Amino acid sequence: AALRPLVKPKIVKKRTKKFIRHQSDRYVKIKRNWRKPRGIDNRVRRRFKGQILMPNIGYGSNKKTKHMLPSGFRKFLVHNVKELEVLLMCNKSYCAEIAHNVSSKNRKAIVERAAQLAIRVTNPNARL
Amino acid sequence: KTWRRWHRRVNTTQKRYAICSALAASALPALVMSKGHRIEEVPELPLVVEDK
Amino acid sequence: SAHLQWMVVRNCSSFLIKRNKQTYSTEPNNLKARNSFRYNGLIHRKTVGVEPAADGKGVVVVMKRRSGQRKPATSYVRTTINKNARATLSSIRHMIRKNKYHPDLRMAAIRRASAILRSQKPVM
Amino acid sequence: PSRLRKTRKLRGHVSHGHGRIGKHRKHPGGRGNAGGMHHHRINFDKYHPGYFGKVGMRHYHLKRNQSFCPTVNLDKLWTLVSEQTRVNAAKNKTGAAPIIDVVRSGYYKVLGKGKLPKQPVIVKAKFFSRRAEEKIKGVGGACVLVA
Amino acid sequence: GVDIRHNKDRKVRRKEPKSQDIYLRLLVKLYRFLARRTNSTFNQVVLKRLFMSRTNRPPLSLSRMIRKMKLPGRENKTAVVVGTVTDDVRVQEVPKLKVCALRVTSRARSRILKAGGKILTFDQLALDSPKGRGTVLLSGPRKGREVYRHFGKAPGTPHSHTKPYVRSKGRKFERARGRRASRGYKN
Amino acid sequence: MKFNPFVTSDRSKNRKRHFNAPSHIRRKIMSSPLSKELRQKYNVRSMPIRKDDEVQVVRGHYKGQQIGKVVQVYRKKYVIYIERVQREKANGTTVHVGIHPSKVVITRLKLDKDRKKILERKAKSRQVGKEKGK
RNA sequence: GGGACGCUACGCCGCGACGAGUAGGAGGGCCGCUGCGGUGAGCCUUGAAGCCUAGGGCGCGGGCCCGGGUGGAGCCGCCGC
RNA sequence: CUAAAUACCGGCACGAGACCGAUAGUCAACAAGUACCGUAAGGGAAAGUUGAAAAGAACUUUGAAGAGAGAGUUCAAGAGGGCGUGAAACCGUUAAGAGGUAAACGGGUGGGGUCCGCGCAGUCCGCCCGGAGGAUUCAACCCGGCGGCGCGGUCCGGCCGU
């Protein structure tokens with residue numbers, strides 16, 4: 001009973017696990033965000049077996065399915081009612097998402113305008 | 001330091017060139033719309049008013 | 001001209017917005033709402049525009065005349081169509097194809113009008 | 001624009017574009033033009049020949065005002081006077097040669113580099129070259145000295 | 001494993017001009033269509049030269065253009081210069097000419113039109129001759145810059161005449177040992 | 001815009017003048033508009049407040065149409081104290097609630113030899129804008 | 001003699017070949033921080049910034065957007081600097 | 001002997017900032033050249049934030065009291081006197097899981113939790129047919145307005161000429 005997209009291609013991802021920083025588990029000061037090691041004796045840098053994999057260009061997703069939601073749409077950040085009428089010619093391909101700082105009474109302005117335009121909302125019933 | 005090169009000098013012909021480009025682009029209706037001006041009700045964009 | 005002003009409005013324009021790997025324009029006559037040379041409502045001398053009616057029932061068709069090009073108060077004339085779904089799409093097709101008025105956007109106006117009439121249809 | 005500089009791309013690189021063996025030390029070769037008769041001999045000979053030594057006569061109180069003698073070639077001789085005088089010079093049937101005062105426009109010497117159009121002139125200048133005179137006489141002109 | 005070298009597998013050339021001005025880009029857009037739709041190589045030289053840098057498309061003096069039209073393609077034939085067409089002051093008589101250039105100096109426009117000449121822009125050239133038919137393409141002296149006198153074989157070397165980098169020329173500015181046969185050596 | 005070159009537009013400097021103003025300047029900051037019935041009669045917009053003036057509260061939690069007089073003028077707190085504008089303490093005593101003079105309208109003044117002198121003087125220059133301006 | 005899409009031409013599309021990397025060099029960042037000129041009839045006590053999060057996700061990646069909690073007053077998107 | 005153009009990190013009073021924001025900016029945003037140290041010459045800190053308003057917790061009860069438990073103020077004590085927001089290292093407690101090759105990690109699965117999909121009878125959109133209905137309803141004409149084009153083969157008149 002939701003808003004179907006025009007087509008529903010098979011979403012394929014070469015890797016879904018996050019690329020963690022080297023020795024991120026051993027320390028708290030070392031965050032999860034990836035940093036490329038540049039040490040002379042770094043095992044990860046020279047691709048040793050059984051080590052942390054590094055991000056490469058080969059892990060890129062397909063251009064047809066890039067930035068596409070599992071529902072089949074692509075997201076678009078919407079702040080007010082006026083930004084909704086942009087997507088009514090992009091109805092079957094792109095969906096709208098309300099921003100975090102939008103008030104509850106302005107969120108309940110948005111939802112029905114996209115319902116009249118049949119625009120899918122990722123988070124329709126956010127606050128209530 | 002205080003003696004950082006704050007100021008920049010432009011050639012006189014180049015200073016006069018941009019003013020001519022700025023005045024000429026102010027008479028095209030499409031370019032002024034892109035500046036966000038809400039003047040769709042203006043009768044003529046080269047708005048000339050009497051000296052009163 | 002059309003090609004000269006396009007190279008200026010393509011990046012530094014107030015109607016253009018860019019986020020989430022997308023680009024859109026909020027021009028009053030930009031049907032399909034995309035930043036493009038063909039669909040820019042302000043760039044071209046001849047422009048077709050489809051907007052919802054003021055009372056919510058029907059569609060208004062924006063027609064741009066070629067006489068007052070630097071006279072924006074007179075350059076645009078607006079006609080309101082409040083007929084049935086088949087007859088509304090027949091009229092907008094006739095104003096574009098049979099007048100030879102910027103004919104590459106005839107179906108784009110048909111697509112926009114077909115959704116605006118659907119938007120004002122009573123919701124289930 | 002510090003955002004366009006090289007140091008923004010060098011973040012995360014240990015040696016900062018200066019190598020790991022030859023570290024970016026303070027002054028490995030010496031300050032300034034050190035080592036002219038020494039370790040920088042080859043650069044001072046392959047690129048700056050004649051740097052070391054004295055030649056010529058010293059001149060204690062030299063005034064550049066005394067040596068001011070600007071020159072003009074025969075190319076831009078007619079550019080000194082206006083174009084109207086050039087048209088009327090060939091148009092006139094009496095043969096009245098117009099006078100071009102070289103000192104008036106701000107030159108003292110006249111050099112015979114270029115070709116002269118075939119119409120007489122009267123050239124007033126502070127100095128003349130030998131070849132510049134024969135070119136003027138070859139057209140049927142006159143060289144007038146002035147101080 | 002493939003034993004090929006990726007050292008020079010990427011050709012270095014200009015695909016589009018580094019200038020951000022919009023009038024050249026509209027002229028570039030016009031000549032991209034003419035290169036891939038017409039069979040003339042003239043639209044391939046013009047389009048290649050429109051991308052080029054300022055030092056690559058040296059100004060062409062007016063006297064050179066008179067000289068190359070004293071030996072023209074046998075007289076009505078237009079002149080096409082990608083650079084700027086400058087005026088020469090050591091030329092007396094100018095004939096009527098058909099000149100196409102990106103820019104013409106203000107004195108040169110008055111001098112050419114005084115002789116009954118005609119000056120066209122590059123968009124007018126396409127409307128006149130789309131294929132470059134009956135055209136002479138010219139260029140200024142590429143090695144005419146003072147920079148090239150410092151280039152080449154280094155000074156202080158036998159038979160390597162090249163201007164050294166000196167702040168001011170004088171009797172005590174690189175006239176010593178590296179130049180004097182009396183002092184050390186000379187080349 | 002302000003055009004006087006010797007008049008401060010700095011935020012930090014202006015707050016320094018306000019919070020470190022001397023006592024004779026503190027009274028001038030504490031001016032409140034008169035009630036509408038007074039305004040045609042005296043032709044005065046606003047006026048500094050004194051110890052005994054009848055006050056209606058316009059804003060805040062104690063706003064209403066009640067008529068109360070001032071108890072004291074506390075120039076160190078930018079606070080005045082009104083008669084029945086007060087809240088209950090825990091122990092049973094009553095404490096006057098502070099109301100800023102900006103949210104105050106004066107319905108009756110405290111007439112005096114020095115009080116009356118300002119009334120024509122403020123109404124003198126008030127009229128001057130209507131002869132010079134007209 | 002009465003008719004699908006297209007084309008931000010700095011865009012779109014088709015063919016083949018290739019993809020290691022220290023020092024080092026170059027390019028692209030709709031990666032990130034701060035302030036300024038424009039711009040969004042931008043967000044906001046019906047809840048800003050900040051912080052926490054066993055949720056939904058996106059991008060190879062730098063990182064980012066929503067869901068929940070706390071918070072009480074500012075903040076952000078795009079074009080350039 | 002002699003003013004003017006000239007200099008001015010001290011002093012008086014100013015105005016301003018594409019500057020910095022309590023480990024920044026003067027050492028010093030605060031009882032700062034203060035506390036403190038050295039015989040002395042001298043060295044020289046740390047330290048901003050309750051709340052809009054103290055409305056700063058009346059009163060009852062345990063304890064000798066510190067400290068609590070009720071009650072009360074406030075929009076909010078989850079703002080309760082060094083009190084705005086309260087992160088990490090670290091510690092205490094609750095819930096779940098696990099535990100003889102120190103712990104931790106990459107790839108691949110599997111199991112258990114967590115909330116979410118608000119899924120639990122699975123798509124609608126156009127074209128054609130059927131019959132039930134309901135309209136003020138179609139094509140074609142007349143009138144008025146508006147717009148486009150015209151090679152009107154060259155109609156007429158204006159305006160301009162980089």
# chains A, B, ... in the order shown; residues from 1 in each chain; ligands from 1
call {"tool": "residues_around", "arguments": {"residues": "region 13-29 of chain F", "least_positions_apart": "5", "cutoff": "8 Å", "atoms": "only C-alpha atoms (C1' of nucleotides)", "output": "JSON, numbers by chain"}}
result
{"F": [8, 48, 49, 75, 78]}
call {"tool": "residues_around", "arguments": {"residues": "residue 120 (chain E)", "least_positions_apart": "6", "cutoff": "7 Å", "atoms": "only C-alpha atoms (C1' of nucleotides)", "output": "list in words"}}
result
residues 99, 100 and 101 of chain E
call {"tool": "residues_around", "arguments": {"residues": "region 78-89 of chain A", "least_positions_apart": "3", "cutoff": "9 Å", "atoms": "only C-alpha atoms (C1' of nucleotides)", "output": "number ranges by chain"}}
result
A: 92, 94-102, 106-107, 109-111, 113-114, 117-119; C: 24-26, 31-34, 111-112, 115-116; G: 42-43
call {"tool": "atom_distance", "arguments": {"atom1": "CA of residue 113 (chain C)", "atom2": "CA of residue 47 (chain C)"}}
result
15.5 Å
call {"tool": "interface_residues", "arguments": {"of": "chain E", "to": "chain D", "cutoff": "8 Å", "atoms": "only C-alpha atoms", "output": "number ranges by chain"}}
result
E: 89-90, 92, 154-157, 164-165, 171-180, 183
call {"tool": "decode", "arguments": {"residues": "region 38-89 of chain H", "atoms": "C-alpha atoms (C1' of nucleotides)", "output": "PDB file, in the first residue's frame"}}
result
ATOM      1  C1'   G H  38      63.737  33.292  46.398  1.00  0.00           C
ATOM      2  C1'   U H  39      68.166  37.061  51.180  1.00  0.00           C
ATOM      3  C1'   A H  40      68.134  39.908  46.928  1.00  0.00           C
ATOM      4  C1'   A H  41      68.263  41.248  41.627  1.00  0.00           C
ATOM      5  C1'   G H  42      63.559  38.970  40.084  1.00  0.00           C
ATOM      6  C1'   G H  43      60.143  34.759  38.850  1.00  0.00           C
ATOM      7  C1'   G H  44      54.798  34.486  38.784  1.00  0.00           C
ATOM      8  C1'   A H  45      49.954  31.451  38.499  1.00  0.00           C
ATOM      9  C1'   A H  46      45.125  28.872  38.680  1.00  0.00           C
ATOM     10  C1'   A H  47      40.298  30.867  38.714  1.00  0.00           C
ATOM     11  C1'   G H  48      33.584  33.174  33.865  1.00  0.00           C
ATOM     12  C1'   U H  49      28.227  30.857  33.553  1.00  0.00           C
ATOM     13  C1'   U H  50      21.783  28.270  39.081  1.00  0.00           C
ATOM     14  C1'   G H  51      17.246  30.423  37.660  1.00  0.00           C
ATOM     15  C1'   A H  52      13.249  35.062  33.842  1.00  0.00           C
ATOM     16  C1'   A H  53      12.449  36.305  38.813  1.00  0.00           C
ATOM     17  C1'   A H  54      15.773  33.326  45.082  1.00  0.00           C
ATOM     18  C1'   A H  55      10.671  32.184  44.029  1.00  0.00           C
ATOM     19  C1'   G H  56      17.726  29.702  47.680  1.00  0.00           C
ATOM     20  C1'   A H  57      13.488  24.257  49.570  1.00  0.00           C
ATOM     21  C1'   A H  58       8.309  26.648  54.906  1.00  0.00           C
ATOM     22  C1'   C H  59       6.770  22.495  57.648  1.00  0.00           C
ATOM     23  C1'   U H  60       6.868  16.780  59.322  1.00  0.00           C
ATOM     24  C1'   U H  61      10.257  12.668  60.594  1.00  0.00           C
ATOM     25  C1'   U H  62      15.481   9.496  61.520  1.00  0.00           C
ATOM     26  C1'   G H  63      20.237  10.498  63.056  1.00  0.00           C
ATOM     27  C1'   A H  64      24.490  13.810  67.973  1.00  0.00           C
ATOM     28  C1'   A H  65      25.379  16.062  63.533  1.00  0.00           C
ATOM     29  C1'   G H  66      27.228  15.652  58.724  1.00  0.00           C
ATOM     30  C1'   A H  67      23.722  13.666  55.935  1.00  0.00           C
ATOM     31  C1'   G H  68      18.818  11.653  54.242  1.00  0.00           C
ATOM     32  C1'   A H  69      12.990  10.433  53.434  1.00  0.00           C
ATOM     33  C1'   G H  70       8.425  13.105  52.667  1.00  0.00           C
ATOM     34  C1'   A H  71       6.416  18.082  51.360  1.00  0.00           C
ATOM     35  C1'   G H  72       7.144  22.822  48.593  1.00  0.00           C
ATOM     36  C1'   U H  73       9.203  26.664  44.482  1.00  0.00           C
ATOM     37  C1'   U H  74      10.001  26.671  39.201  1.00  0.00           C
ATOM     38  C1'   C H  75       8.350  25.365  32.518  1.00  0.00           C
ATOM     39  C1'   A H  76      12.434  22.455  34.327  1.00  0.00           C
ATOM     40  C1'   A H  77      15.907  20.555  40.857  1.00  0.00           C
ATOM     41  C1'   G H  78      16.619  15.560  34.992  1.00  0.00           C
ATOM     42  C1'   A H  79      18.949  23.999  37.076  1.00  0.00           C
ATOM     43  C1'   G H  80      19.534  22.454  44.858  1.00  0.00           C
ATOM     44  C1'   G H  81      24.532  27.243  46.430  1.00  0.00           C
ATOM     45  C1'   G H  82      32.088  26.025  42.535  1.00  0.00           C
ATOM     46  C1'   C H  83      24.499  24.842  40.928  1.00  0.00           C
ATOM     47  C1'   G H  84      23.607  25.923  32.076  1.00  0.00           C
ATOM     48  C1'   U H  85      24.756  22.087  28.376  1.00  0.00           C
ATOM     49  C1'   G H  86      27.882  17.325  31.483  1.00  0.00           C
ATOM     50  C1'   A H  87      31.657  13.851  26.456  1.00  0.00           C
ATOM     51  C1'   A H  88      35.986  10.263  27.102  1.00  0.00           C
ATOM     52  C1'   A H  89      39.550   7.873  30.152  1.00  0.00           C
TER      53        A H  89
END
